[PDB]
Enquirer: 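Below is one structure. I have some questions about it.
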Amino acid sequence: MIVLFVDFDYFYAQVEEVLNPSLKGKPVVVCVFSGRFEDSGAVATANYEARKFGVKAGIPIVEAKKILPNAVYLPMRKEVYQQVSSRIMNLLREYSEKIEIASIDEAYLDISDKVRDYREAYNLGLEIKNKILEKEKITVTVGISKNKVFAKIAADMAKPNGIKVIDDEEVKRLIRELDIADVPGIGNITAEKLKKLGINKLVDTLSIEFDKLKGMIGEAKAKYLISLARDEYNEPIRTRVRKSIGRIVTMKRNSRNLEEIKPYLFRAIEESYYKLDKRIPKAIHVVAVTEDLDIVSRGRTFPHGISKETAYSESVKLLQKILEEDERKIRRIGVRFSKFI
DNA sequence: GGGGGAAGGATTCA
DNA sequence: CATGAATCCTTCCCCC
Ligand SMILES: [Ca+2]
Ligand SMILES: [Ca+2]
Ligand SMILES: [Ca+2]
């Protein structure tokens, strides 16, 4: 099987460059302003110029400014980025029928049939990069390998603006020398649970009793790592199905007061409903981010679709359940809709 | 013993 | 300082 993975580089910041080309070469930082206080919030995405100095996604906006006070800071414009992304995906579509849109900036292409040899895939890659650079002025990195996981690792190794191929021989070297933490799906949490089992490389996963690895990180994650280490991972390329829609908003200040929280919750519902379009959910979940960044939620599934009126009423009940069962104050509040008809 | 929702939570990552 | 949604896991429940 030959999988070609496309990862748009520093996507949000790059789109801002395309929309304002005079930004090229300057450090650009796209942020999410929380409005709690001047520059309160986090970095969503930073381009290479800012990233090389430590300004990256996740750090506080105030922190970024101490490092690069002269960088260009812009508010995140998600729907603009989504529309540019949609145009890019439809373009990749013309190279494959078999396409898995993993996120706003990532897509896997099963080009097992339209090519053969890693020479022909590579060529299809350089071609794809040119097509996108030309039609949208967006540079992307391409990863090529025998399965989705290594195609992604390939991209991770080659970014930014690159193209890398991981043949069957380096897969085998990587299976022994690649830090397991760099394996897709292994975050800091899992990486630490693995470290305590001796596991630092994929190969190490085969020296452990399965039921032990399973007890430590779960059956699905255990089977996943094992199949990769055995050079047997082979999941098909398929775009997952949109299962839920919702929004969560950060309040100007933490609260525990119903009337103070409501306005934020209702705003979340309105935006959620606008995004659902013609979709009708049978389930609703009110989600709250506590003062200690802990996530709590209460939901309900109905035997029918949920009207906005029912959503407003049910959401208030769910929130009350939350405040009544948790003592912690609330920092962010929102809702999620699922089980579409 | 176990099929099969439903609910609440744990992780991942741009 | 702290900013959408899929997968997966655990517990719980109804009941054959
Ligand atoms: Ca990415
Ligand atoms: Ca990206
Ligand atoms: Ca990692």
Side-chain angles (χ1 to χ4, degrees), chain A residues 7-15 29-47 51 56-66 75-76 78-79 81-82 85 100-106 152 156 159 181-194 214-224 235 238-251 254 268 271-272 275-276 282-303 318 321-322 325-326 331-340:
Chain A
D7 188 306
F8 313 160
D9 304 322
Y10 320 122
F11 199 52
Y12 298 169
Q14 222 190 315
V15 174
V29 187
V30 177
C31 322
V32 171
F33 297 86
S34 61
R36 291 169 79 66
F37 56 85
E38 193 167 302
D39 291 342
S40 65
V43 171
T45 291
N47 63 3
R51 201 153 188 278
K56 53 172 162 55
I59 75 172
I61 293 172
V62 172
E63 224 57 56
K65 290 191 175 182
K66 299 193 72 180
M76 193 175 75
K78 192 62 172 298
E79 194 162 318
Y81 314 147
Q82 180 56 61
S85 172
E100 177 169 347
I101 296 172
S103 72
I104 188 171
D105 59 5
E106 300 172 60
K152 178 179 176 60
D156 284 330
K159 56 170 54 175
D182 293 67
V183 169
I186 303 309
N188 291 14
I189 303 307
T190 307
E192 284 312 306
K193 296 181 181 178
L194 293 165
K214 167 185 64 184
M216 191 83 316
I217 66 171
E219 166 177 36
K221 190 86 68 178
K223 289 178 177 188
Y224 169 70
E235 294 306 297
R238 177 38 215 158
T239 298
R240 289 142 313 234
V241 195
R242 231 127 113 59
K243 268 136 203 182
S244 67
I245 291 177
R247 168 88 183 291
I248 301 179
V249 296
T250 290
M251 304 184 289
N254 298 336
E271 289 170 44
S272 288
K275 278 199 282 224
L276 285 162
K282 288 176 290 176
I284 178 169
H285 289 79
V286 172
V287 177
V289 178
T290 52
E291 45 189 38
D292 52 301
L293 290 188
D294 201 355
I295 306 178
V296 297
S297 71
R298 293 303 184 283
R300 181 179 175 192
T301 304
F302 294 78
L318 298 170
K321 187 161 196 268
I322 293 182
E325 309 191 318
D326 196 275
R331 187 185 172 79
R332 308 173 190 166
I333 189 66
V335 293
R336 183 141 289 277
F337 290 102
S338 61
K339 302 186 179 176
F340 309 138

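Just the heavy atoms: all of them, side chains too, but no hydrogens, waters or symmetry mates, feed the values below. Residue numbers begin at 1 in each chain, while the letters A, B, ... track the order of the sequences.
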Enquirer: With heavy atoms under 4.0 Å as the rule, sort A:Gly58 into base, sugar-phosphate or nothing.
Expert: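 Contact class for A:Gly58: base.
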Enquirer: May I have the distance from A:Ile189 (atom CD1) to C:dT7 (atom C1'), rounded to whole angstrom?
Expert: 16 Å
Enquirer: For A:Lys193, which contact category applies under a 4.0 Å heavy-atom criterion: base, sugar-phosphate, or nothing?
Expert: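 Here A:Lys193 touches the backbone only, sparing every base.
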Enquirer: Taking any heavy-atom pair under 4.0 Å as a contact, classify A:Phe302: base, sugar-phosphate, or nothing.
Expert: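 A:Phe302: no heavy atom of the nucleic acid under 4.0 Å.
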Enquirer: Let me know the distance between OH of A:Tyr224 and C1' of C:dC9, rounded to the nearest Å.
Expert: 18 Å
Enquirer: Starting at the 5' end of DNA chain C and moving along, which residue's nearest nucleotide shows up first, A:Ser40 or A:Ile217?
Expert: A:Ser40
Enquirer: State whether the number of non-hydrogen atoms from other residues, nucleotides or ligands found under 6.0 Å of A:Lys56 atom NZ is greater than 12.
Expert: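 No, NZ of A:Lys56 has 12 or fewer neighbouring heavy atoms, counting only those of other groups under 6.0 Å.
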Enquirer: Verify the contact: side-chain N or O of A:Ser103 to OP1 or OP2 of B:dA14, cut-off strictly under 4.0 Å; return yes or no.
Expert: no
Enquirer: Determine: side-chain N/O of A:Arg300 to OP1/OP2 of B:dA6, distance under 4.0 Å, yes or no.
Expert: no
Enquirer: Has A:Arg298 got a side-chain N or O lying under 4.0 Å from the OP1 or OP2 atom of B:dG9?
Expert: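 It does, given that an N or O in the side chain of A:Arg298 lies less than 4.0 Å from OP1 or OP2 of B:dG9.
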Enquirer: Tell me whether the OP1 or OP2 atom of C:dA5 has a side-chain N or O from A:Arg336 closer than 4.0 Å.
Expert: yes
Enquirer: Taking OP1 and OP2 of C:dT3, is either one under 4.0 Å from a side-chain nitrogen or oxygen of A:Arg331?
Expert: yes
Enquirer: With a 4.0 Å limit, can you tell me whether A:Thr250 has a side-chain N or O closer than that to the phosphate oxygens OP1/OP2 of C:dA2?
Expert: no
Enquirer: For B:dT12, does OP1 or OP2 lie under 4.0 Å from any side-chain N or O of A:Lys221?
Expert: no
Enquirer: With DNA chain C as reference, determine whether A:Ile61 or A:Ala220 sits nearer its 5' end, using the nearest nucleotide of each.
Expert: A:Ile61
Enquirer: Could you tell me whether A:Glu219 and A:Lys223 have a side-chain N and a carboxylate O separated by less than 4.0 Å?
Expert: yes
Enquirer: Between A:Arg332 and C:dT3, does any side-chain N or O lie under 4.0 Å from OP1 or OP2?
Expert: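 Yes, A:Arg332 has a side-chain N/O under 4.0 Å of OP1/OP2 on C:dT3.
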Enquirer: Are A:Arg240 and C:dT7 close enough that a side-chain N or O sits under 4.0 Å from OP1 or OP2?
Expert: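 Answer is no, no contact under 4.0 Å.
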Enquirer: With under 30° as parallel and over 60° as perpendicular, where do the rings of A:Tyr81 and A:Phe11 fit, or are they tilted in between?
Expert: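 A:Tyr81 vs A:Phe11 ring planes: perpendicular.
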Enquirer: Within the pair A:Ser297 and B:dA7, is there a side-chain N or O less than 4.0 Å away from OP1 or OP2?
Expert: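 A:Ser297 to B:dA7 OP1/OP2: no side-chain N or O under 4.0 Å.
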